[PDB]
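A short write-up of the structure that comes next.
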Amino acid sequence: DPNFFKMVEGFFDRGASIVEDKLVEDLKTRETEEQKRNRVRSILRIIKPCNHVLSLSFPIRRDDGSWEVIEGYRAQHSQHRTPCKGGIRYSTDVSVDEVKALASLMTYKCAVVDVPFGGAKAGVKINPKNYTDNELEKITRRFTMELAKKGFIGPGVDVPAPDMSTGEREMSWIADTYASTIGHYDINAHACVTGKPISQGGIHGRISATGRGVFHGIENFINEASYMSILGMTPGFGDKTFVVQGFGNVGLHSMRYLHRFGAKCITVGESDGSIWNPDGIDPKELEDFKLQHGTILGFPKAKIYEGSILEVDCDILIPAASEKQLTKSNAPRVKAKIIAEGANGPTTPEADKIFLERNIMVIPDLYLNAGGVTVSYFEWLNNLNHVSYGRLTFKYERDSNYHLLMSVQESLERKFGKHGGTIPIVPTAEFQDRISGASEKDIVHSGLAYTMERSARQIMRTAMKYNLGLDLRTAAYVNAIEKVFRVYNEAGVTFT
Amino acid sequence: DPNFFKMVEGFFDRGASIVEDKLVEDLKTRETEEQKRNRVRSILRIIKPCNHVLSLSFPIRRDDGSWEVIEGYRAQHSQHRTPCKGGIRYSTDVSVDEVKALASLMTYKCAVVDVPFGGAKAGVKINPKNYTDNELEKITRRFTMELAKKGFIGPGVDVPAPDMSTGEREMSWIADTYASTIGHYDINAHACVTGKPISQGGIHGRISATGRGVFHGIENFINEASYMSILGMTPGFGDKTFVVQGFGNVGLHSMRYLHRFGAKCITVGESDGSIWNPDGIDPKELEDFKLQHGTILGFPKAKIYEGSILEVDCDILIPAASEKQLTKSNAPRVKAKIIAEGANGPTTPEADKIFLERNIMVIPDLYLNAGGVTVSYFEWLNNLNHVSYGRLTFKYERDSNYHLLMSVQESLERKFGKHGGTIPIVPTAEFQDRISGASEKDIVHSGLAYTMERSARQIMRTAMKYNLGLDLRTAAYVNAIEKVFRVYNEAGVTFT
Amino acid sequence: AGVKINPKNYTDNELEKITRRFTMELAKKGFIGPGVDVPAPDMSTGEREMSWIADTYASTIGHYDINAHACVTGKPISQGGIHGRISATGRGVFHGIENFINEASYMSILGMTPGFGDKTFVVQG
Amino acid sequence: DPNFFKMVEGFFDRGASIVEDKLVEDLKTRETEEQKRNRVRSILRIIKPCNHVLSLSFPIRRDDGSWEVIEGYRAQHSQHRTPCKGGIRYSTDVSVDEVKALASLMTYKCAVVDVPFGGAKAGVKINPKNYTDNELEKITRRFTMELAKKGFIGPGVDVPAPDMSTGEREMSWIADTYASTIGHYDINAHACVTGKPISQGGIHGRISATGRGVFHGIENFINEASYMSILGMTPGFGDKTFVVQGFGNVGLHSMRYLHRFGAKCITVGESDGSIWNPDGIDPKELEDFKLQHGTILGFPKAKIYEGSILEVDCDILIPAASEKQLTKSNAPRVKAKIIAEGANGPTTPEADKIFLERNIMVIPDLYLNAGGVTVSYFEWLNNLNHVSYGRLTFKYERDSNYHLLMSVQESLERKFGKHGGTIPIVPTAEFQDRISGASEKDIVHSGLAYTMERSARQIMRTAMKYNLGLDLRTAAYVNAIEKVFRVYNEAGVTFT
Ligand SMILES: NC(=O)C1=CN([C@@H]2O[C@H](COP(=O)(O)OP(=O)(O)OC[C@H]3O[C@@H](n4cnc5c(N)ncnc54)[C@H](O)[C@@H]3O)[C@@H](O)[C@H]2O)C=CC1
Ligand SMILES: NC(=O)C1=CN([C@@H]2O[C@H](COP(=O)(O)OP(=O)(O)OC[C@H]3O[C@@H](n4cnc5c(N)ncnc54)[C@H](O)[C@@H]3O)[C@@H](O)[C@H]2O)C=CC1
Ligand SMILES: NC(=O)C1=CN([C@@H]2O[C@H](COP(=O)(O)OP(=O)(O)OC[C@H]3O[C@@H](n4cnc5c(N)ncnc54)[C@H](O)[C@@H]3O)[C@@H](O)[C@H]2O)C=CC1
Ligand SMILES: NC(=O)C1=CN([C@@H]2O[C@H](COP(=O)(O)OP(=O)(O)OC[C@H]3O[C@@H](n4cnc5c(N)ncnc54)[C@H](O)[C@@H]3O)[C@@H](O)[C@H]2O)C=CC1
Ligand SMILES: NC(=O)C1=CN([C@@H]2O[C@H](COP(=O)(O)OP(=O)(O)OC[C@H]3O[C@@H](n4cnc5c(N)ncnc54)[C@H](O)[C@@H]3O)[C@@H](O)[C@H]2O)C=CC1
Ligand SMILES: NC(=O)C1=CN([C@@H]2O[C@H](COP(=O)(O)OP(=O)(O)OC[C@H]3O[C@@H](n4cnc5c(N)ncnc54)[C@H](O)[C@@H]3O)[C@@H](O)[C@H]2O)C=CC1
Ligand SMILES: Nc1nc2c(ncn2[C@@H]2O[C@H](COP(=O)(O)OP(=O)(O)OP(=O)(O)O)[C@@H](O)[C@H]2O)c(=O)[nH]1
Ligand SMILES: Nc1nc2c(ncn2[C@@H]2O[C@H](COP(=O)(O)OP(=O)(O)OP(=O)(O)O)[C@@H](O)[C@H]2O)c(=O)[nH]1
Ligand SMILES: Nc1nc2c(ncn2[C@@H]2O[C@H](COP(=O)(O)OP(=O)(O)OP(=O)(O)O)[C@@H](O)[C@H]2O)c(=O)[nH]1
Ligand SMILES: Nc1nc2c(ncn2[C@@H]2O[C@H](COP(=O)(O)OP(=O)(O)OP(=O)(O)O)[C@@H](O)[C@H]2O)c(=O)[nH]1
């Protein structure tokens, strides 16, 4: 077990090393080889550390009257591409070392999936099992009056997001503050945080986002004859059978969505139990019982088959659970053919060899969980240009679309003036929904998948470019660094 | 040896404990005893930690072309009394733990000597023996474009100051930046740093300040019959003989100034040698040789008497050298009667007992070295109201003063119309200087001593109030906390 | 905006020291800013230059603005450019002619036959 | 006749050349001689040109309804010492070449008399004999909404002042605008212009300032035995007899004030006539007739003695008239012993030799007319700290002063308990005024002269330092450059 800071740190170190040779060859500015190679070895030392790390302390007054101090952190990994964005964690485990760590990932997520954001992360040492509906407000509404006074929250400088122990309810309290004290003289005030309640400028699909992100991740590689063959796998969701490592906000949806396209959810689990039914499991019923019973350990149409799901038959596995689900202490017990990581750091770097040595493909946790990030990047636009997506232009396409068919029909009337008479070219039931069920929702559902598409190809292009083969994690971090480098390389970073 | 963070931390912990009882008695707002006592025990937990701690990283490009990263810190101990102020250290030893530490002291210095400043401190990990006349500019001029973008430099939010390895030359580069990029639209831009070169808005006496601060420190207690008797000491500088622990920017002046009032400088030393001449030593000659020879180890009218000055005869000792000159490992070897500390943390808390047990008085390093701070507080005013001190009103008093004597003379002409005839009431040679040698300089030299005066009495009043007797350090930290508490107690600190 | 410089004199670095200064001046006097004024490339001013400008205005003054990087155009595509910033002017010239050579009201009066597929042209450089 | 731009330009060119050698010797930073000498020859190329020159054009709509364009200029000679300050001229002669010129002078005036201002100047092409009480408002109130939108007016960036065709009435219209549109959110808004009407934040003595400036100029050199002897002149105003070249806002006062100290105003003149009465002339009567008759050509107690006053007996001459009163075409016709220039460029550089060759002293027009500048620098402080000078502290000194005498009296009661009994030490009639006639006025009258004093000595020190002897103009420009250089030399001018 490494430090999750150190464990991620080591990743791009590898990635930096690999691109290193290729990159000097690719740069063109006429310089000395050693110079324009020690150059990139120097820029790549700039990208590694975080550029700002803020520590705080709060005079919070409790409900009983007493006071207490709240150690709270904030780190912006790089002003590389403003505005920085990252979640806000509430947990006593939060330490400045971990905040630096995540800030790194958020900077490379955004690089992967091409969203113009830097990377941030912020924690506070609070166990929300202690405070009330009210003290949390007195805290969050204070943790923003601090950051804002020091330029670490603002629609153009930095944008918080939800994290564990940080629901919608919280992010409302933030915006309700920054848009009332400091950002008041700004048109873009409510663009300060994402994941707001849909009433106050949210996005439909902020919850199911990450899950439906995981989905379009797999669908961009399972449709690749260049890997499915090499993986010894048959292309198609309708062909394969998968499993799930829990029922997080991810699992509940990642399951259901992939469930919707014929891939058979073999088994599932819990943070405190196991479930197994090797012949397909119903999402919705679970979505009932896990909320009807507070646990599916007792879902009747399955079995509590104690044991790691990670050791159970599956053509696709989703470690949709918390940190470090895998070590090489079970790498000989994968039972899978393709693993697509759900949360950050589920696998040690160690076992990653063995999976390659056992010849499978473990899609990296970089961009899979980054489905949510893009959705935030959309809510940060919805709020930014002050208009629901496409409300301006919804009835327009509705008009034109079946004001276009009416031409095809009319144009067929030439050849078929009397053969069959009138020919009512009409939509279908489905294509009627995409007309009548028009909503910003479907824009997201659309824009989301396409970002994942163009992204996931940028990786398969990378793996081919460096013969990494089934080394996606590296290639990903390679593909991220390749991008972040371009920005510095041209910025003439020296502002003096 | 403790951590200098922890070692200072422990100080006011004692101080907080002592005032604790007296303070609840002194508060009047009608509340429950346990409540309005757990109150103060809670406010006193707020004051301890720092409210902001910033960490940085710089893409500095060297002279040869290469890049490198510059870890740089900044800490504002409390927004208690804006604007915060503290020096900027250059040294590889700088670590976020020490930056928090000093930030505490600067907050209690200012509390002692009644200057409305919070407390800050900032380091960078640089050994200036590495860089050039130019890279330092490329660094400092960058370490301000960062802080300024995040609200940690600004004439109303925070004000840097010189520290070790940070001469005038540096502080110019800062102001030359903040007053050219961000603060440009501000009238108060050049109030951003103090210790600027006198040309660019400095103060005459910025160098000799700290020394002449040490002086008026002692003169406020050595003139106290309540202690000089108890110390078994004869009131008067013309009576006592002292020593000096080095020739810092402090010693060169603290010596010379106290030299000017009949107190006999017995011996002196160096960071790399000893000197002794138990019958008075000439400042100026040393101020020659230490600059003529780069060392006084060879000053002819003295001797290189190797051994700790701290173990040499003296009625007053000045540990005007770097951190932790004393432990109890020589507490039985004080040889002194009154010790007045020059730099921060020269003595372990341990030995402080023994000095009390050996019945001497060790004046705390809190306010002695804080002579310089006030002088900075003046340069921050000179720059603030855009006018040399008293240039507006210099010739006015010059007029009135000897337009007043001319009345006394003329009024004597009544009683003495013919007894002695004309009676030229005139000034003296000295009082002529205070007229003709009028300068902002003399204002400082004046305002400085009076701040030290009113301060040093606030301590002797405190020691009497709590029967601390010869416990000045405590009483000082007690007197500081007493003040800083008042501000929070009334602020209704909750901004939400 | 011009400056009196013959870029055949200075280096990869002095030009930076110049351009990055010619913006700290204008910006202090309200002549650069995404809502007040927007530079663009000209002769002896490639992409490389316009990067140095934005890299400055979006780091000293416009830092507290969401629209900072809107200060100049023709930036390198990495830093917020547009694909087709180079070939633009040319493909501009094209759609110019195509809007008049398809005009029977002029092609006739010009004694000209409407259509690109019909005509033969030349180029001055 | 040279271009007044070129003619001033040439001045400091000489001055730059002279200091050039001395200055490299004086700098200490260890560098190569040729390097740290080409250094100063390079800094001295920076100081020469203006750093900003703005040209404008106004859609002014006339009273009749028509439109017209108003070419208007503005030039800030150097951001060297913010805020820049200069007058606003209305005249059709105004051209960008002349605006650059004056901006230079205002930068060296301020350098001479030690007021922390840069230098500016602004004209518009208007002949105010054309427009009305109202169009001028529509113009001025527009020429500020333009400059303000581009950072050329503002209490910390730039400060206009009155010039020819620009009375109080105008400067009110400016402040009434900048303090109502843009500077509204600033506490320092009304500090934007000086010379405002006394009601709206002016200074008593804004008119008579320049004149009473000319006065304390001469009084600082005519009291110099080092020159009065060398000039073959007898020290004292009560000894000498002078003349005046007109009755400008300068002459009306420069005459009267020097009139008040026994120097005999021999003759005077007009822009359209001559006057002569070689036996002393009354200011006030002229101040009547020139306003009773609109001309003194007919003042009964003198004669209309046509001919250049510059060719008439005088121990002191004041060319208090407009540009280029002298050439060498009358240099053999000086008739004077000391000439003290009133307005800018009254003498060609050519004749200056001849005066030296005829062995007289022509005090430069740099600082003589700069008496007004300092007074503006005070109104820019009065407005800045929002309090009449000394109103806070007037009754305090009044108390202490004759609460001090009452001690001297009482203390004499010891020696003289019965010799003469009660001894009423009282003020005099005069010293009573300085008590009862206490006013911000007298502060100015005081602070003014002292600035001129400390200034005029900085010149006599300079002339001695470079053996310039009776070369004051040069020495002045030398003394200015010496100062302006210090600021750049230390600023590390490179902000990148
Ligand atoms: N030639 C290649 O390998 C690639 C080309 N592209 C081109 O760029 C376009 C896509 O770029 P968009 O971002 O959608 O539009 P854009 O105009 O904002 O492109 C900005 C560029 O910066 C990079 N970038 C994006 N987000 C970043 C971040 N957070 N940090 C650092 N770098 C980042 C992207 O590679 C992108 O090419 C496509 O049209 C495609 O033609 C994109 C990716 C790879
Ligand atoms: N919620 C969001 O918007 C995002 C969440 N994530 C990450 O996703 C992960 C969890 O997703 P959440 O959204 O937090 O959903 P959640 O909080 O609702 O997830 C908890 C689920 O994981 C299960 N679980 C926990 N430990 C397990 C273990 N060792 N084995 C099997 N099941 C286990 C629980 O029983 C439960 O079903 C975390 O790593 C979180 O940081 C990442 C990005 C966004
Ligand atoms: N009754 C007492 O024990 C004391 C009374 N005083 C009174 O206050 C006046 C002196 O205060 P000034 O500061 O010169 O004027 P001021 O009007 O600014 O006083 C502010 C008050 O806040 C406190 N203070 C000053 N600097 C501080 C800092 N950096 N942090 C926290 N608290 C700070 C001081 O005790 C002062 O009384 C004197 O006239 C005296 O009458 C001052 C000290 C002790
Ligand atoms: N310079 C300033 O404005 C301020 C300085 N200080 C503190 O004062 C102390 C030193 O004063 P500086 O101004 O830095 O002067 P400096 O840097 O010129 O002081 C160095 C002097 O101390 C002597 N020295 C060093 N270690 C010694 C040891 N163990 N025994 C005897 N002599 C020793 C050296 O030989 C030398 O004479 C430091 O603690 C510094 O932080 C504190 C506040 C302001
Ligand atoms: N050693 C010398 O030759 C001189 C020394 N001084 C010292 O400086 C003090 C007077 O300076 P103040 O301005 O009253 O206070 P200050 O603290 O503002 O001094 C600023 C310094 O910058 C220079 N300066 C002033 N106005 C300037 C301008 N507009 N442009 C460029 N440089 C300018 C002055 O020479 C002054 O020494 C006196 O106390 C005197 O001791 C002043 C003049 C000459
Ligand atoms: N008024 C002010 O605040 C300042 C005025 N000045 C300068 O002072 C000069 C004039 O002083 P103003 O204040 O404008 O007063 P003004 O406008 O009232 O001066 C005009 C006076 O000069 C006389 N005059 C004009 N040409 C003459 C000539 N060739 N020979 C003899 N007398 C002549 C007129 O008859 C009249 O008495 C100008 O050069 C102006 O720029 C400079 C700084 C400030
Ligand atoms: N489908 C589904 N939605 C849920 C569930 N629990 C909460 N939700 C919320 O209900 C919303 C339903 O989304 P809809 O807009 O009605 O339908 P959709 O977006 O086309 O697809 P689904 O989200 O899967 O229903 C989601 O956005 C979730 O935020 C669940 O168990 N299943
Ligand atoms: N006196 C003194 N001043 C020094 C010495 N070295 C440098 N200086 C500087 O020279 C200045 C001399 O100060 P002055 O204004 O001339 O005289 P003063 O302020 O009345 O008292 P001193 O500073 O002790 O001379 C001080 O401000 C120091 O900054 C030194 O060895 N002795
Ligand atoms: N076509 C073309 N492109 C060039 C040439 N030289 C540089 N380029 C660049 O290459 C890019 C090619 O554009 P593409 O996006 O690949 O293709 P296109 O925009 O559909 O049309 P073209 O620009 O003509 O290729 C252009 O935007 C130019 O900036 C050239 O000689 N021909
Ligand atoms: N003395 C004098 N003042 C005039 C004259 N014309 C206008 N004034 C104004 O009247 C004011 C008179 O100033 P006061 O404050 O009353 O007296 P003072 O300042 O001590 O000296 P004077 O200005 O010479 O009277 C001056 O400030 C001028 O602005 C004049 O001819 N003589």
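Labeling convention for the structure tokens: chains A, B, ... as they appear, residues from 1 per chain, ligands from 1 in order of appearance.
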
Within 8 Å of chain B, which residues of chain C are there when counting only C-alpha atoms? Please give them as a PyMOL selection string.
-> chain C and resi 24+28+60-61+63

With a cut-off of 6 Å, could you pull out the residues of chain D touching chain B and give me the nearest pair of atoms for each, distance in Å to one decimal, using only C-alpha atoms, ordered by chain and ascending number, as a Markdown table?
```
| residue | atom | partner | partner_atom | distance |
| --- | --- | --- | --- | --- |
| D:156 | CA | B:187 | CA | 4.1 |
| D:425 | CA | B:411 | CA | 5.2 |
| D:427 | CA | B:407 | CA | 5.2 |
| D:428 | CA | B:407 | CA | 5.8 |
| D:446 | CA | B:396 | CA | 5.6 |
| D:447 | CA | B:392 | CA | 4.7 |
| D:450 | CA | B:395 | CA | 5.9 |
```

Name each residue within 6 Å of ligand 3, counting only C-alpha atoms and all ligand atoms, as an NGL selection string.
-> :B and (81 or 110-111 or 114-118 or 483-484)

Report the distance between atom 22 (O, counted along the ligand's line) of ligand 6 and atom CA of residue D:50 in Å, rounded to one decimal place.
->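 One can read the atom 22 (O, counted along the ligand's line) of ligand 6 to atom CA of residue D:50 distance as 29.5 Å.
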
Could you write out, as a PyMOL selection string, all the residues of stretch 201-397 of chain D that DSSP marks as alpha helix (DSSP H)?
-> chain D and resi 209-218+225-228+251-259+283-292+349-357+365-368+371-382+394-397

Find, counting only C-alpha atoms and all ligand atoms, the residue in B:488, B:378, B:466, B:58 that gets nearest to ligand 5.
->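 When distances to ligand 5 are compared using only C-alpha atoms and all ligand atoms, the smallest one comes from B:378.
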
Close residues to ligand 8 using only C-alpha atoms and all ligand atoms, limit 10 Å, as a PDB file with C-alpha atoms, in the first residue's frame:
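And here's result-v4.pdb as it stands now:
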```pdb
ATOM      1  CA  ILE B 203      12.307  56.082   5.939  1.00  0.00           C
ATOM      2  CA  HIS B 204      15.543  57.482   7.266  1.00  0.00           C
ATOM      3  CA  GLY B 205      16.561  55.130  10.028  1.00  0.00           C
ATOM      4  CA  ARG B 206      15.200  51.898   8.600  1.00  0.00           C
ATOM      5  CA  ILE B 207      18.508  50.153   9.290  1.00  0.00           C
ATOM      6  CA  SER B 208      19.525  51.537  12.662  1.00  0.00           C
ATOM      7  CA  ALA B 209      15.917  51.174  13.809  1.00  0.00           C
ATOM      8  CA  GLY B 211      19.139  48.645  17.347  1.00  0.00           C
ATOM      9  CA  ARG B 212      17.842  51.964  18.597  1.00  0.00           C
ATOM     10  CA  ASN B 249      22.613  44.969  12.232  1.00  0.00           C
ATOM     11  CA  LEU B 252      26.419  47.613  15.559  1.00  0.00           C
ATOM     12  CA  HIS B 253      23.778  50.089  16.755  1.00  0.00           C
ATOM     13  CA  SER B 254      22.445  48.744  20.051  1.00  0.00           C
ATOM     14  CA  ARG B 256      26.715  52.386  19.825  1.00  0.00           C
ATOM     15  CA  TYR B 257      23.521  53.959  21.111  1.00  0.00           C
ATOM     16  CA  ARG B 260      26.409  57.045  23.855  1.00  0.00           C
ATOM     17  CA  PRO B 283      31.906  51.261  18.471  1.00  0.00           C
ATOM     18  CA  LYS B 284      33.143  53.278  15.506  1.00  0.00           C
ATOM     19  CA  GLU B 285      36.588  51.667  15.335  1.00  0.00           C
ATOM     20  CA  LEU B 286      34.889  48.280  15.308  1.00  0.00           C
ATOM     21  CA  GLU B 287      32.439  49.607  12.726  1.00  0.00           C
ATOM     22  CA  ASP B 288      35.622  50.309  10.786  1.00  0.00           C
ATOM     23  CA  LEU B 291      34.279  46.396   7.604  1.00  0.00           C
ATOM     24  CA  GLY B 437      18.017  69.834  11.954  1.00  0.00           C
ATOM     25  CA  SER B 439      13.538  66.136   9.684  1.00  0.00           C
ATOM     26  CA  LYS B 441      14.146  61.353  10.925  1.00  0.00           C
ATOM     27  CA  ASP B 442      13.718  63.022  14.292  1.00  0.00           C
ATOM     28  CA  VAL B 444      10.794  58.602  13.971  1.00  0.00           C
ATOM     29  CA  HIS B 445      13.524  58.798  16.624  1.00  0.00           C
TER      30      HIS B 445
END
```

For chain A against ligand 2, with a cut-off of 9 Å and counting only C-alpha atoms and all ligand atoms, what is the closest atom pair and its distance in Å to one decimal for every residue that makes the cut, ordered by chain and number, as a Markdown table?
```
| residue | atom | partner | partner_atom_place_in_ligand_line | distance |
| --- | --- | --- | --- | --- |
| A:87 | CA | ligand 2 | 44 (C) | 8.4 |
| A:89 | CA | ligand 2 | 41 (O) | 9.0 |
| A:161 | CA | ligand 2 | 3 (O) | 8.6 |
| A:162 | CA | ligand 2 | 3 (O) | 6.5 |
| A:163 | CA | ligand 2 | 2 (C) | 6.0 |
| A:164 | CA | ligand 2 | 14 (O) | 5.8 |
| A:165 | CA | ligand 2 | 17 (O) | 8.4 |
| A:166 | CA | ligand 2 | 1 (N) | 8.9 |
| A:167 | CA | ligand 2 | 1 (N) | 8.6 |
| A:195 | CA | ligand 2 | 3 (O) | 8.7 |
| A:206 | CA | ligand 2 | 3 (O) | 7.9 |
| A:207 | CA | ligand 2 | 3 (O) | 6.7 |
| A:208 | CA | ligand 2 | 3 (O) | 8.6 |
| A:209 | CA | ligand 2 | 3 (O) | 7.8 |
| A:210 | CA | ligand 2 | 44 (C) | 6.2 |
| A:211 | CA | ligand 2 | 13 (O) | 8.6 |
| A:244 | CA | ligand 2 | 31 (C) | 8.5 |
| A:245 | CA | ligand 2 | 31 (C) | 4.9 |
| A:246 | CA | ligand 2 | 32 (N) | 3.8 |
| A:247 | CA | ligand 2 | 37 (O) | 3.2 |
| A:248 | CA | ligand 2 | 19 (O) | 2.8 |
| A:249 | CA | ligand 2 | 15 (O) | 3.7 |
| A:250 | CA | ligand 2 | 11 (O) | 5.2 |
| A:251 | CA | ligand 2 | 37 (O) | 6.9 |
| A:252 | CA | ligand 2 | 37 (O) | 7.9 |
| A:268 | CA | ligand 2 | 31 (C) | 8.4 |
| A:269 | CA | ligand 2 | 31 (C) | 5.6 |
| A:270 | CA | ligand 2 | 35 (O) | 3.7 |
| A:271 | CA | ligand 2 | 35 (O) | 3.2 |
| A:272 | CA | ligand 2 | 35 (O) | 6.1 |
| A:273 | CA | ligand 2 | 31 (C) | 7.7 |
| A:274 | CA | ligand 2 | 31 (C) | 8.0 |
| A:290 | CA | ligand 2 | 37 (O) | 8.9 |
| A:295 | CA | ligand 2 | 35 (O) | 8.4 |
| A:308 | CA | ligand 2 | 30 (N) | 7.8 |
| A:309 | CA | ligand 2 | 31 (C) | 8.0 |
| A:319 | CA | ligand 2 | 31 (C) | 7.8 |
| A:320 | CA | ligand 2 | 10 (C) | 6.6 |
| A:321 | CA | ligand 2 | 33 (C) | 4.5 |
| A:322 | CA | ligand 2 | 39 (O) | 4.4 |
| A:323 | CA | ligand 2 | 39 (O) | 6.2 |
| A:324 | CA | ligand 2 | 29 (N) | 8.2 |
| A:325 | CA | ligand 2 | 29 (N) | 6.0 |
| A:342 | CA | ligand 2 | 8 (O) | 6.4 |
| A:343 | CA | ligand 2 | 39 (O) | 4.1 |
| A:344 | CA | ligand 2 | 39 (O) | 5.6 |
| A:345 | CA | ligand 2 | 39 (O) | 8.2 |
| A:346 | CA | ligand 2 | 39 (O) | 8.5 |
| A:369 | CA | ligand 2 | 43 (C) | 5.5 |
| A:370 | CA | ligand 2 | 43 (C) | 6.8 |
| A:371 | CA | ligand 2 | 43 (C) | 8.2 |
| A:372 | CA | ligand 2 | 44 (C) | 5.9 |
| A:373 | CA | ligand 2 | 44 (C) | 7.5 |
```

Could you save those same residues with C-alpha atoms as a compact mmCIF listing (two decimals), in the first residue's frame?
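This is the output file part.txt:
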```
# COMPACT_ATOMS: atom_id res chain seq x y z
CA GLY A 87 -14.97 18.84 -5.51
CA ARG A 89 -14.84 16.70 0.54
CA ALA A 161 -18.16 20.75 -7.00
CA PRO A 162 -19.82 18.05 -4.88
CA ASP A 163 -17.90 15.20 -3.30
CA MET A 164 -18.57 12.61 -0.60
CA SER A 165 -20.68 14.01 2.23
CA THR A 166 -21.48 16.94 -0.07
CA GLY A 167 -24.89 16.67 -1.68
CA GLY A 195 -24.18 20.43 -8.90
CA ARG A 206 -26.42 15.61 -12.43
CA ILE A 207 -26.85 12.44 -10.35
CA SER A 208 -27.08 9.72 -12.97
CA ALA A 209 -24.26 11.42 -14.87
CA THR A 210 -21.23 9.56 -13.54
CA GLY A 211 -22.95 6.23 -14.06
CA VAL A 244 -20.74 -4.72 -10.50
CA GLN A 245 -18.73 -3.97 -7.34
CA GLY A 246 -21.40 -2.23 -5.29
CA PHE A 247 -24.38 0.08 -5.65
CA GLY A 248 -22.92 3.51 -5.30
CA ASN A 249 -24.42 6.50 -7.03
CA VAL A 250 -22.33 4.99 -9.82
CA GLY A 251 -23.46 1.38 -9.59
CA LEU A 252 -27.19 2.09 -9.36
CA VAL A 268 -23.51 -7.29 -7.54
CA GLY A 269 -22.44 -6.51 -4.00
CA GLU A 270 -22.46 -4.08 -1.09
CA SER A 271 -20.01 -2.35 1.21
CA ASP A 272 -21.25 -4.78 3.89
CA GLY A 273 -22.27 -7.91 2.00
CA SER A 274 -22.39 -9.93 -1.19
CA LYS A 290 -31.78 -1.23 -1.33
CA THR A 295 -29.71 -3.36 1.83
CA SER A 308 -15.20 -10.90 -3.52
CA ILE A 309 -17.15 -10.19 -6.69
CA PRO A 319 -14.89 -2.08 -9.47
CA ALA A 320 -17.47 0.58 -8.69
CA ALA A 321 -16.39 0.84 -5.06
CA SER A 322 -13.98 2.83 -2.96
CA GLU A 323 -10.21 3.06 -2.96
CA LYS A 324 -7.89 0.08 -3.50
CA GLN A 325 -10.26 -2.79 -4.12
CA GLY A 342 -15.28 3.16 -11.27
CA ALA A 343 -13.62 5.13 -8.48
CA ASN A 344 -10.16 6.54 -7.99
CA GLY A 345 -7.36 4.13 -7.17
CA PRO A 346 -9.13 0.78 -6.96
CA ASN A 369 -15.33 8.37 -13.46
CA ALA A 370 -14.71 11.60 -15.38
CA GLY A 371 -18.12 11.28 -16.98
CA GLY A 372 -19.42 13.42 -14.15
CA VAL A 373 -16.76 16.08 -14.69
```

Within 7 Å of ligand 9 (only C-alpha atoms and all ligand atoms), residues as a ChimeraX atom specification | /C:83-87
